[PDB]
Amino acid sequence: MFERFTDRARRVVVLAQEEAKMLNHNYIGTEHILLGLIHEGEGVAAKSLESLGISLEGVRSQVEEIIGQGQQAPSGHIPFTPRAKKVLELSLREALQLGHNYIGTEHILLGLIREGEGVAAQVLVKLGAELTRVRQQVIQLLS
């Protein structure tokens, strides 16, 4: 599935893994994907999130409250949570339905919203960003 990703989408997932590592987390969850979308900085997802007032520090703060720093450094390669796998699979489906044969940062964010149930979704709502508004912003920046 990674072979469909744009270079900047690949960067999102790489940064998600680095954020999980920094937090001493044992899985790449949806919240790490959200942090990766922000860290990537330049894509439609990052720009959408900046527009909606969703900051790297706000998300990190929420993740610290909900999950907390782990005590032991994990390995270089961290597995995805089931929910994060689902998000990636849905990102593909978003792209396909919109007529794209590639997965960009926009599609990863749309997939995160489509899944809508995991830690990232909980954090977005806690930070004042209803999922529906997030999708509209993405679609808007795309149009």
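Note that residue numbering follows the sequence shown and begins at 1.
Mean C-alpha B-factor is higher over 57-65 than over the other stretch, the pair under comparison being 23-31 and 57-65. Looking at 4-12 and 133-141 together, the entry lists the larger mean B-factor for 133-141, computed on C-alpha atoms. Residue-level inspection of the entry shows that, of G99, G76, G111, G36, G76 has the top Cα B-factor.
Among the modelled residues of the chain, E117 sits in the highest third by CA temperature factor in this PDB entry. For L88, the recorded CA temperature factor ranks within the lowest third of the chain's modelled residues.
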